[PDB]
Structures are given as structure tokens and as C-alpha cells.
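Data block below; observations after.
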Amino acid sequence: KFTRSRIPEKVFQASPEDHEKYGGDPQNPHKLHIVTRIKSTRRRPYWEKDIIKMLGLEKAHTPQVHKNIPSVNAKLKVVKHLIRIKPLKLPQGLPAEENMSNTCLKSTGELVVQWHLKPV
Amino acid sequence: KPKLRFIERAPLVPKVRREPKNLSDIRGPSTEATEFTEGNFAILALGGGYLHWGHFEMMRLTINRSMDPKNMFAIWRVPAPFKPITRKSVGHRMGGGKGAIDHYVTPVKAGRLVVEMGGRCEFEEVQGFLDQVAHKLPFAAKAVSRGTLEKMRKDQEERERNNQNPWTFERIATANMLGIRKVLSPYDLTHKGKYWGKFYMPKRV
Amino acid sequence: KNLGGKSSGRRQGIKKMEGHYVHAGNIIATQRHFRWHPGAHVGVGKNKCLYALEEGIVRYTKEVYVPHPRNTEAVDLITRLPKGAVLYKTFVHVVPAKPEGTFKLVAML
Amino acid sequence: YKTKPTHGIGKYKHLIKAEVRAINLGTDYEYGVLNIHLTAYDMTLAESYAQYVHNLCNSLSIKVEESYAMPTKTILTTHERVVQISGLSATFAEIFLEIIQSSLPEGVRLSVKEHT
Amino acid sequence: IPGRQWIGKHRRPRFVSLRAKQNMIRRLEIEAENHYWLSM
Amino acid sequence: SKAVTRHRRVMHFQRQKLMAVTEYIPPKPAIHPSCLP
Amino acid sequence: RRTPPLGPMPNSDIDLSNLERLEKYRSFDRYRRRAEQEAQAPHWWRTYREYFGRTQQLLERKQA
RNA sequence: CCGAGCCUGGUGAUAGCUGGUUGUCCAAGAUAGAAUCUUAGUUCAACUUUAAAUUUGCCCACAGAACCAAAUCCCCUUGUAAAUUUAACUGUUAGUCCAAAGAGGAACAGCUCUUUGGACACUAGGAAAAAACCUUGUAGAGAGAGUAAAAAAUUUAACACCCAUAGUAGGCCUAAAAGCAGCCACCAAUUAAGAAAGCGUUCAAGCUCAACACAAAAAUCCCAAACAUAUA
RNA sequence: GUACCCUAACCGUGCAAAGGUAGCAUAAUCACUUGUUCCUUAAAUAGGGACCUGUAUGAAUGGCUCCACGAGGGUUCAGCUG
RNA sequence: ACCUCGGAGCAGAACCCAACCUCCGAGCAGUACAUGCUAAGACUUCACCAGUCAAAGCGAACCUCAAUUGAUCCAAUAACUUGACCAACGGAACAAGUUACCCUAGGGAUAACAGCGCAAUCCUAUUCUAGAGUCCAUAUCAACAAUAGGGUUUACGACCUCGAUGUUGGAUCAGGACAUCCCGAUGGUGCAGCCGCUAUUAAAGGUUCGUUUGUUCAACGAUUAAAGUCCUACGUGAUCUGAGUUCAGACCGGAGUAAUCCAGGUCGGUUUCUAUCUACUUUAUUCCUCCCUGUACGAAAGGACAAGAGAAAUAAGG
RNA sequence: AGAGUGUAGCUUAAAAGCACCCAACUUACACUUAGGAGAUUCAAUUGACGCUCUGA
RNA sequence: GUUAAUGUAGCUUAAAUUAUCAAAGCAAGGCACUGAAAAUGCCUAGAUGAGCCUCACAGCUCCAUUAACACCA
Ligand SMILES: [Mg+2]
Ligand SMILES: [Mg+2]
Ligand SMILES: [Mg+2]
Ligand SMILES: [Mg+2]
Ligand SMILES: [Mg+2]
Ligand SMILES: [Mg+2]
Ligand SMILES: [Mg+2]
Ligand SMILES: [Mg+2]
Ligand SMILES: [Mg+2]
Ligand SMILES: [Mg+2]
Ligand SMILES: [Mg+2]
Ligand SMILES: [Mg+2]
Ligand SMILES: [Mg+2]
Ligand SMILES: [Mg+2]
Ligand SMILES: [Mg+2]
Ligand SMILES: [Mg+2]
Ligand SMILES: [Mg+2]
Ligand SMILES: [Mg+2]
Ligand SMILES: [Mg+2]
Ligand SMILES: [Mg+2]
Ligand SMILES: [Mg+2]
Ligand SMILES: [Mg+2]
Ligand SMILES: [Mg+2]
Ligand SMILES: [Mg+2]
């Protein structure tokens, strides 16, 4: 029959080759994902149509900050074929309440906290 | 007795209860009788199938025909036909029970040895009549040695290590990468894309 | 020729799993043969059902099967075992939550 | 449960064997079934020596299938008892036989006759 | 094709172009990166 | 149709694509070894 | 799916292929003494225990 | 117009059966089952709708669920916003294909029957056309933009040249079977040629070889046109 | 059981009220059956005449001949006529 | 054949899960006579009805078995209780046959015809050398099997059609396929010649008349260069026919108590349309005779090709 | 002569627990119930009585 | 093809467990001999695969066979 899929823990154990291809650190990892749905929930089972509603990814190509914790990551492991996961990197820090209204999330995955529309 | 003994159409006491067609004794790699025991040359099964009594008479007559019993011997590796296959009587409508037992059948999976040969003889004297028996079998078959069986197995081990394709079938199926387990079987995780039904793709990694 | 066999399912099996809070008299697991044997504060009906005797939390454990000596079938299975052999069965217990009552001050006489 | 490490903790039929010629295969040579006929005209001397060979076998882990008797013949009735033995090693064969020789009480005759 | 081209015993064959191979491959590389960032 | 048929059963197209993506690619050397002494 | 056992399983070291040559409990009291001793040994699974838990003196006595 | 006239009346007979059921706009909305002179139907459940009350619902982690495979159940966190109860009822209970596990049949069916999950009866783009495969769902205007799925690849069979004496028709068995009807032995000459590996003789003889030497076929008419070479 | 140019009454304990007789017969008569043979035709699953395993023929459910008769159903000679 | 209940498999691990699916069973028996009364909490055969389990308490003492069954109706009994193979087992009431004299409402939810799916059956082609063919696998045929293809058959399925897609053969006029029966061109032969047999190639042309039968088939008569296999809604009934096959009447044999039926035979039995639209309405083969010559070939008996000439026949055009 | 050493039969028992013996029910074994015999090799962790082995 | 019954000594009838008897053949006896009549024996895997009990003995299991049924165009 067609059931849900238990993906083994070996698949989510990154190799030291993988830390060189994608620019991640094993020690001190990132805190917040940027989840973006890139596939439809149609022609997918109902246990994936509801997980996508649980993460807020009902719209395609709309990013969403989620924590990098093993309970949010258990939901992202169900629908990893539907989404695209990238780390939210913060070149400057998290925005204060003065820099809250001048932020922008870039396509590199970084959240700049001062966003003028002037060239360098 | 250096000849293939007589294989009977049915057991001595016959099966009285009609068994369902477990077709899963054809699909997948074989586990019983995959290696050589007191022999040198054999007939490998490169695909699954059912041996009727007619195939056993083909193998028994046309191995004992072309043979030196003073220099060669042969043993069976497949059993006598035991699984009952029930045909309904001809020209009947559908339903009304299950048909009566007509004949018996051995299941043979892929990678199974069928007959074995031996004696003071090399392979070229044996590739003659073992490659003509292998062509009459209902599955794709092959005459193998002990040296050419372990060559074709160590070759596929070298195919599985050399390939520049970053994606294999096991990496994609066991991880459920594109959600691809919606179109695969649960058997395809241990089949790894090399077995499709009764058939066997040996060029596939 | 094959008539009969249209029996429905019994709907037996575990009604209250591991760690569930269970009051007294709750049927824990209905069975057909002895799959789970009773343990602490768990009784057996006539039809081998397992009901709970106290208010508590259901625990499933594995312990040593020592049958009754008047149960001549199992004793004759015990005395065929080799010398180091120990049988085990899955037991169902109820860990009783509340105490059976407190001492309350009624009146100063 | 099957998926748990405690699977098969309660299985027991592999500890119970629920269900002959001379076995000399390559080195481990052992007899088949034996019979030990003991005939004497005393029921006291035949019944009591039937116990001791059975007590000698039990103390040496030799398998005793039957310990029955064949009926008497009116000569004065000669009482005959059969003690069925299976399995002796090479070192055990001379030693297990010579003690039953070296304990025959009073004029009882031995036998290592066999089945049928 | 005997009846209903895409269903049944005898279907018309569909084949995999370079479009369909490259479309699955670039979806397989988003997936391999997904397994990386969920591993830490 | 059963899972084991006498003919080669037609694959689902998304199954047919990963049997085309995951095909064996042989290691091609830079210089052909018959062009080297 | 199967998960391997964590510690040693019971009836595993005494497990042989010969069951006629191995000596048995012939009785109920020989089994129960081994049964009571095994229930007191600590095990790696869940049990009931987890939730519901000179020389002159001998010479004088041997003379006496 | 006679298997029982015709007319009026009961009579607006009855029909689980067919047909029909008329302004506008929005919203929610699809498939467990059981009984039944019942399977063309209905009642109850399930699902659905509204209103109301409350507090948990879904996703889930360790631990846990029996002896003779994929998974599920249970389940705090966590992600989330729903669920249960109460009140009031209608309608759907004549499904299809695909993937998977099986059963029946021929390991036939666009076949039949269960289960798990999709899609369809709902829009759009693609697979030529196309209910069911793939992409994609929440609505409007635009003579903006980035994308998703998305175009079938293959073309295959040459081959040696030279040379051949001899113990002996090896014995046996056989009319005789000589290298070759059969069995046993299978040594031995010259540098090198088997007491013969294919043909050939009633049996012989002759020829060689081993040995030196140097995939496709059916019925109105094939079916885009075409194109190996300008930089992913 | 036995007939012996395949032809001896030459024996037949089972029972039923009685056990199909005369005649006719491949019939308008289940199938077998275009039954076996002759005449008819160059050629006959048609038509006519004889033989009976007609094991579902048959005596007012009437049996069998024959004279007449028929917009009845088949077959045929000769003539004739698009 | 079946209809209710239960155990096991399908349904491998919570529950559930169909089948005119596969296998076993049940409609009781035995022992008690506290097999007394009560009552928390639960299970539940996917509803309901029924079914289960049960602590405490009272009272005493110091049930087994998987199924082993049956609602309501108020009466039979003083009461307690008891009563169905209501087995079609959620149960009307104990009510049957038959319809071709049939009728109505419907259904392509559902059959016959046709299409379609499918290819078991059928036909074909290659692979394999067993064996036949004196010897000799492959001139020719071919066992066990194998891999393909076709869509003639017998079937299966039930997808279009029951507010009608009308049928067997025949007539008429045919269109097409080639897997070629004849004519053409070649290779092999166990091909001397003559006859053949087999394969490659070729669909331009051709493919008869009769007796019996409704017959397609089949047998037979006489021929032919040959009297091809098929497909086209088993081609074509708004072109025709109606013998068979489906009616209303009727005998005969049989089945039935009869009404009536057989798929058994036989005699008889209404075949409707004024054309709206599409489409369309003047695109040379063969045989025999003679000659070559009774030559080649053959030991003879026999007996040709090619070339040449003439007679015909059909077809097309006049 | 040297080495290993040494609790009743066995003990990573510390005077223990199993093994063990007889009697009765058992054809007998088994079970059970009644009974039965048992040891730290002696001297201050140490030394010398006994056993096992390697030697002559 | 489905429902239905059937299975016998050398062959058939029967017996409601146990197995009876007329033919068949085996001799002897009367007759010159041969058929009959006697007087005697025999010939039954009760068609069977297992045995719940014990089974022609009676249900599955069955292999032959006997009748009806051999629809529906
Ligand atoms: Mg069941
Ligand atoms: Mg059911
Ligand atoms: Mg089509
Ligand atoms: Mg009305
Ligand atoms: Mg809406
Ligand atoms: Mg109805
Ligand atoms: Mg929860
Ligand atoms: Mg269908
Ligand atoms: Mg939108
Ligand atoms: Mg050579
Ligand atoms: Mg319920
Ligand atoms: Mg009580
Ligand atoms: Mg009813
Ligand atoms: Mg009912
Ligand atoms: Mg009539
Ligand atoms: Mg049809
Ligand atoms: Mg239909
Ligand atoms: Mg259907
Ligand atoms: Mg119709
Ligand atoms: Mg119409
Ligand atoms: Mg051709
Ligand atoms: Mg027609
Ligand atoms: Mg017409
Ligand atoms: Mg008339």
C-alpha cells in the first residue's frame, strides 16, 4: 500500500564534504530557517496538505521564518520535497525597534536591517 | 548416476487445497540456491519465471543427450513441481468458485541456479548445450561458470563504485527525494531499481 | 462449496495503551487467547478480558511466567524446559495514582 | 512487539523437542538402540537389577527409551526384563558394559541383543 | 494504440527528453540541500 | 494489471524519469588509454 | 522493521541445538527457584520492579 | 385498437419508474458501513450544513502493544487553530481511472472485488487530441515580469594461412568393422602430426582439424514541414 | 451364465394391475441420422420402393389398405414461355 | 449452489476490511443447582436492536466449551415461566405454476446483433536441433520449448446504443489488405526433361457453371491458367429478396395434474419512406494450336523452354 | 629435582547453595514425601602435609 | 458440463451388523459314454484412500460408470 515514509537518520547526517559545498558550520549552526514552498500540495497525500498549513506555506514563493529545533525539523522532514530550506543569515544583527521598519529579506537569504534604495 | 534424474509432473500425494497465486515467488532476487555446491558450471536465472513439467523434460532430455556420463555429471538445483496452478474449464464465465488444479509449477526467482554440471571438463565443452537449454527457459538465463559468475558479480560491484551519476536509485528511494515513493513499491527499497516485476535489469545500478 | 466464514471482526485488542490514565473497571485489553496476562491491580473476566481494579496508569512489562501447579498443561510444559530456561509473558499493570484516603479532622470533642 | 528490542522474549517452542540404525559416520561413532535382556527365576532379582542399570544410565546421561518386560515361561517361571539403551561413545562402550558385568548379583545373564 | 492511449495494458510510450531529465535534476539539487540544512 | 506481468509493464512517467536520471554514467578518462604507451 | 535487543536476551546462552542431551527441570520447584532468582536480577527491559519499587567460633560449634 | 367493449363516476387512482421543476449575487460543501421480499428504494450511522456552548484538536518522542514487509496505534514537546459537546435538519448511501499491497480470471481485459493514497466529477498550463498521468489551486482590471510541468533516443555479424610420414588394420568383440559400430589401453618413431576432434567408407580408401616449419506483416490515404556544424 | 453359417430354449430367480399385441415404420415421430441399399439425376441433405437399437411406433391420443376430393404440403414426364 | 452464527488465510505488526474467494466448523453436550440478589466503571461486531465484562456491597460457601442461536404482537399458565428448519435465520402468512395472446413503466445500470477491450483458443513468423527424410538436423516435414506478430474463429468483459444502431444466406455493385490460388520475375531441390515441392519478389489483371440443402460450409457432376485466404456494422435491405431464424394458427414425439413448454421436427405467416445536408454521377490481359522439334534432356518411356505466326475468349471503347 | 597449587563432587558461596545416598508410591525412571553422610591440609597475609605436571 | 443414483464370488440377485444361493467351474457317483438329477467343497480386498467408534454397515475422500439435465441467439 502507499503509506507515510520513515526516512532514516543516516540521510540527515551531513558529511564533511557537504560542509564544503554548502557554506554551513557544524559547530555553531544557524538558528532560523527560511522555508519557501516550491511544489504544490495537490497530488500529494493529506498528511502533507496539512503540514503545509501548519507551517504557513499555503502560498508558493512566500518565505517564512521557522526555528531550527528538532520538532519543527520533524515537520520539515515530511514535506522536504515541497519546500526549499535555507538559513536566515544575519550580517548585521537582529533588528532593534528603531530598525524594525527598514528591513529587507534578500534572495541570498540574508536580512539586511538598513534598506535604502541608493547605490553604493 | 551422472545424469539428470526423472522429474515427475506432480508430487506423490497431491495438494488438495488450492493455493493463491503468490506472484512474489517470481519477483525479487532469489535467496535459496544462489551459489555453487559440488559443481562447476550451471544455468543462472537472470529473471523470474515458472517451470512447468515441459521445461524439466527439455532440460533432462537435452542435457543427457549431449553429455559424457563417464566425464560429466549433473544435479538439479530446482525442486520438483509443487505449486498448483488452477485452470478453469474452457469457455466458462467469470465467477462461480476457483478452478480445479490442472498442473504443478516450480517458481524460480532471479539469480537462482537451475541445474549444475561438473566433472573433468572445461566450460567451452559445456557452453554448447547449456546455452541452448538456457534459451528454451521461460526467463532470461545464462550458462555460468564459477569463474564467470564471480566475474559478473565483481563487475557490477565495479559499476556501483565508478559511476559519475551523483543520484542512484537507492539514494533517491530511501530518502523519498521527490516524494518518489508515491510511484514506487515498498519492495523497491530492497530491489533498488534493478528488478521490475519478474524481469531483471543487470545494466542498472 | 466453501460456505461460511462471513464472521465480522471481534474488535479486540488494547483499549487503553501504555501510560493512559484508567479508572477502576475500565477494560484495558480484550483478547481471544492469552496474549497479555494480568498484573498488579488488573483482573480477568470469563472471556479473558483485562479490566482495571484501581484508578491509575497502565504499564506493560515483561516478567517470569510461573503457572499454577494445578494447571497441569503448563506445568508439563515447564518440566520439559532445559535447566536454564525461563519463560516470559507480557503483563499489564495499573500503577495506582491516588491513595486510598486521608485522615481528616472531624470535630474537636 | 515486533519493532521493539523485546521481540521474542516470550517464545518457548524452540526449547521443546515436540514431535534407528548404528550411527558411525566419520568419527562420532555410536550404537543404535540396544536391548538388555536380564532373565532370572526370581522376580526380586530381576526387578531390582532392572533398576540399577537404569540408575547407572541416568547417572551417565544415556537415553533409555523403554524399560518393559517380556512374559514368563512355565518351566518355575523365568522372568525377563528388557532395558532399551541408545548411544555410547568409543570410550563409553567398554566401560559402561564392564560395570554391569561387575555388578551381576546371582546367576542372572546379560544381553546386548538388539531390536526386532 | 488500442484504447485510451495512456491507460491500460497497451499504452502509447512516453519518453524522457533533455527537458524532463534536467527538470528532475535541478529539483533533486534543491532536495539535497534540504537534507543538509535539516542535519544540524 | 498485476505487479508481476508476463510483458514488461509500462512504468509511471515519474518512475520512468528517475530510471533515466539515475542511469549508470561510466568514468570517461581525459586521454584514451589506447592513445597512451 | 526490527530493532535489535539492547542487552542479552533471556534463554540465549543456554540455547543449544541439542535438546535431548541437555538436562531439564523435571519438577515445578526447580523451575520456580530459578524463576524467583531471575525476577530479582536487574534487566534492560521494563519490569514490575521499576514502577512498584572466627576460627574459635567454628571449633566450639563443631564440638558442640 | 377485445386475454375481455365503450362511456361516465370513484379519480388530481397509484407509480421506489422516466421526464420537467422559472429572478440576481456570495459562502460552506464528495464515497466508512449496517439492516431490509433489499441491493433502481429507504431507515440508522458516517460525511456535509447552520446556530450555540465550551476546551482542547491536529502534528506528534522517549517508553509501550504475542505467542504460535511498507507502516500503524499510543504520544508530551513543537508547529499551529481548530476540535468536542449541544440544538435543528436536509442531501450523498447505482463511482471512475492511476500508483501501491493482494484476491478471482489467462501473472487477459478500458475485467471483477478489498485495502492505502491520489486525481476526477471545479479552474488553468502541459502529455497532439484528452474526466482519471504531470504542473497548479481562492477567483477582479493591466498592451508588465519571473517561473512550473513541458520536444524520444537508437543502425547492428569478413577472416586465418600453411601442411600431413610412420610402430600398426592397438587389442578384444565382430562376416570384417582398420582413427572414427562398441569396450579397454591410450604408449611410441623422427624436430614435429591425437592409437584421433568434425565429414566420409559394407569394411577399406579418401577429405579436413589439432602438429612442425613461415527480424518482421492487414484491410479508405504515408502522415506537421523540416534540420547532423554560431558558443546554456 | 450361453446361442455358434452370430447362432442351442438352452437355463432363466427380482417383482408389477398389466408388462406394446396385430399392424405400420427413419414417419409431420428428440437427437444420433445426408441411417443401410435400389430406382430416379451427368451430379439427389430432395422424391419413391424394401431392411429395423421405432430403448420417445402403435390400435376411437384410434391402427392399416383403397375410391373420390383439395386456391393443402412435397416429387416428377412432356410442352410452353424474357 | 446459496441466505444465520463461529475459527483460520487474503487482511504479516492497533482496530476495520470485500468476494458465486480459499479452508474448517456450529444449531449441542456435560457438570453444577447461591447457574442467588444487587451495583461503580467500561467493551461493543462499524447504526439501532441486541451482545459482552465487572470491583465494591447483601447473602451464602470455606460453570466448562470459539459458535452452540430467533425480536415484537398478550395471550396458552394461578403465578413463575414456556412456545417457531419464523433456516429466505432483523422474522409478512400459512399464497404456486404459466404467458409465443400478453400489457405498462423503465434500463444500454442489463443480455442477444454490431463496434470496442482482450488474446486463453485460433492462425502465422523466426529461434532451438530431438527425430523423421537410406546415410544426411535445415530438399522437405517436424517433438519438447522459446521469443514475436496478426485480430479470421470459439470465448470472456459489459464501455457506446433498448425516446430502435433491423439478421442468416442470396441478388446487385463492389472498396481494400497480401499472409499469392492463376498469370509475372528469381534462389534452393532428394531439380535430367515433364510434373512438382519450398522460399524471395509482385496486388496491374483474373479468379466458372451446375445437382441436393434456407444454408454459409460440405458432398458430388463438368470444367478452368486458377476456380485464393480475408476485412469492409459476420461490406451493402431509406438498392432488392425472405427460404432459414423471432411472433399470433396448427399437428407429431416427449415433459407436465393442467395452463403450457421443448430449441426437436414440419406446413402457413404485412419487409414502411415524396432525399434536406454531405459524398458521388464518362481517370488491356489470358488460354489454345502450329512452328522452333518430337529437338535439347533421357537408356528408354517420354518430353521442354526462348524467338516467330495464327486462332479464340473475356474486358474496355465504339 | 622444579613449577602449578589445595573449601565435601563443583563453585568470580562466605561454614552456604546445588549436585549425592537409602526407604515408601511408582514395571522402572521421574516427581514428591520421609530420612542420611558430608569439607576450608596443619602451623604464624606468610611458612612446611597432600595432589597435578615437567625430569632423571 | 451440472444434479441424481450406482458399485460384488467366474457372474448376478439378495440379506439392513453378521454375509445367504442359483448359475459358473473342481472332482468323484449312477450310466456303454455324454448332457441332467442329486450328494459335496469352493469361488465375496463387500469399487475404495484413512479410521470417530467397529463397519456391506457411514459421512468425507474418491476412480470408473448409470439416468435426467446437453439453457440461452
Ligand atoms: Mg473471517
Ligand atoms: Mg464482514
Ligand atoms: Mg482509443
Ligand atoms: Mg401521480
Ligand atoms: Mg466555494
Ligand atoms: Mg427499487
Ligand atoms: Mg496529543
Ligand atoms: Mg473498472
Ligand atoms: Mg492567485
Ligand atoms: Mg593445421
Ligand atoms: Mg458500537
Ligand atoms: Mg464480589
Ligand atoms: Mg427475507
Ligand atoms: Mg435477513
Ligand atoms: Mg403457437
Ligand atoms: Mg458482443
Ligand atoms: Mg454498457
Ligand atoms: Mg463494471
Ligand atoms: Mg438497443
Ligand atoms: Mg433517437
Ligand atoms: Mg509477397
Ligand atoms: Mg452484414
Ligand atoms: Mg443501408
Ligand atoms: Mg398458402
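Regarding D:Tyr68, is this residue of a type outside the set (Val, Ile, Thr), closer than 28 Å to C:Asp76 by Cα, out of contact with any helix residue (DSSP H, G or I) (no Cβ under 8 Å at 6 or more places or on another chain) and away from RNA strand H (no atom under 16 Å from the Cβ)? Considered against the rule, which asks whether it is of a type outside the set (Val, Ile, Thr), closer than 28 Å to C:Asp76 by Cα, out of contact with any helix residue (DSSP H, G or I) (no Cβ under 8 Å at 6 or more places or on another chain) and away from RNA strand H (no atom under 16 Å from the Cβ), D:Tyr68 comes out as yes. Helices (runs of 4 or more DSSP H) fully within chain G that include at least 2 residues being surrounded by fewer than 12 Cβ atoms within 10 Å (Cβ to Cβ) and polar (S, T, N, Q): G:29-40, G:55-63.
Among the residues of segment D:45-59, some residue qualifies, meaning at least one is touching a strand residue (DSSP E or B) at 6+ places or on another chain (Cβ under 7 Å) and closer than 25 Å to G:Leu19 by Cα. G:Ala35 meets each of the listed conditions (1) within 10 Å of chain C (Cβ to nearest Cβ); (2) more than 19 Å from C:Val66 (Cα to Cα); (3) within 16 Å of the chain's Cα centre (by Cα) apart from (2). Considering only segment D:1-36, state which residues are assigned to a loop (DSSP other than H, G, I, E, B), acidic (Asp, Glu) and over 30 Å from C:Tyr88 (Cα atoms). Of everything in segment D:1-36, just one residue is assigned to a loop (DSSP other than H, G, I, E, B), acidic (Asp, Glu) and over 30 Å from C:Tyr88 (Cα atoms), namely D:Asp28. Of the residues examined, B:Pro107 is not one that is more than 16 Å from RNA strand L (Cβ to nearest atom), away from chain F (no Cβ under 14 Å), under 23 Å from the mean Cα position of the chain (by Cα) and not charged (D, E, K, R). Just to be sure, is C:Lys1 more than 10 Å from chain G (Cβ to nearest Cβ), part of a loop (DSSP other than H, G, I, E, B), away from RNA strand K (no atom under 16 Å from the Cβ) and not small (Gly, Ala, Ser)? In short, yes.
Report yes if some residue within segment D:48-57 is under 21 Å from D:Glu114 (Cβ atoms) and more than 12 Å from the chain's Cα centre (by Cα); otherwise report no. Among the residues of segment D:48-57, at least one is under 21 Å from D:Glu114 (Cβ atoms) and more than 12 Å from the chain's Cα centre (by Cα), which makes the answer yes.
Scanning segment B:15-46 for residues that are under 13 Å from the mean Cα position of the chain (by Cα), surrounded by fewer than 17 Cβ atoms within 10 Å (Cβ to Cβ) and β-branched (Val, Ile, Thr) yields a count of 2.
Answer with yes or no whether B:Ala80 is under 21 Å from B:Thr34 (Cα atoms), among the aliphatic types (A, V, I, L, M), in a strand (DSSP E or B) and within 23 Å of the chain's Cα centre (by Cα). It is false that B:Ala80 is under 21 Å from B:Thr34 (Cα atoms), among the aliphatic types (A, V, I, L, M), in a strand (DSSP E or B) and within 23 Å of the chain's Cα centre (by Cα). Of all residues in segment E:2-17, none satisfies being more than 10 Å from RNA strand H (Cβ to nearest atom) and surrounded by fewer than 16 Cβ atoms within 10 Å (Cβ to Cβ).
Please list, ordered by residue number, the strands (runs of 3 or more DSSP E) wholly in segment A:1-97 having 2 or more residues that are loosely packed, with under 15 Cβ neighbours inside 10 Å and under 17 Å from the mean Cα position of the chain (by Cα). Per the criteria, A:64-67. Considering segment B:1-14, and only residues there that are within 14 Å of RNA strand J (Cβ to nearest atom) and under 16 Å from B:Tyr50 (Cβ atoms), the residue that is surrounded by the most Cβ atoms within 10 Å (Cβ to Cβ) turns out to be B:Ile7. Restricting attention to segment A:1-48, the residues that are within 6 Å of RNA strand H (Cβ to nearest atom), more than 8 Å from every other protein chain (Cβ to nearest Cβ) and of a type in the set (A, V, I, L, M, F, W, C) add up to 0. Given the condition part of a strand (DSSP E or B), in contact with a strand residue (DSSP E or B) (Cβ under 8 Å, 6 or more places away or on another chain) and near RNA strand H (Cβ under 8 Å from one of its atoms), answer yes or no: does some residue in segment C:30-41 qualify? Among the residues of segment C:30-41, at least one is part of a strand (DSSP E or B), in contact with a strand residue (DSSP E or B) (Cβ under 8 Å, 6 or more places away or on another chain) and near RNA strand H (Cβ under 8 Å from one of its atoms), which makes the answer yes. Within the span defined as segment C:44-61, every residue fails to be within 13 Å of RNA strand H (Cβ to nearest atom), within 14 Å of another protein chain (Cβ to nearest Cβ) and not in a strand (DSSP E or B). Within segment A:59-86, residues that are more than 10 Å from every other protein chain (Cβ to nearest Cβ) reach partners that are β-branched (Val, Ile, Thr) with beta carbons closer than 6 Å, at six or more positions or on different chains, in the pairs A:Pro63/A:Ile34; A:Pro63/A:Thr36; A:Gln64/A:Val35; A:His66/A:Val35; A:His66/A:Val72; A:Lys75/A:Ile51.
Counting neighbours? That spans all protein chains shown, and the Cβs are built from the backbone with ideal geometry, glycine included. Any read-out appearing in this document is the output of simple, stated calculations on the displayed coordinates, not a laboratory observation.
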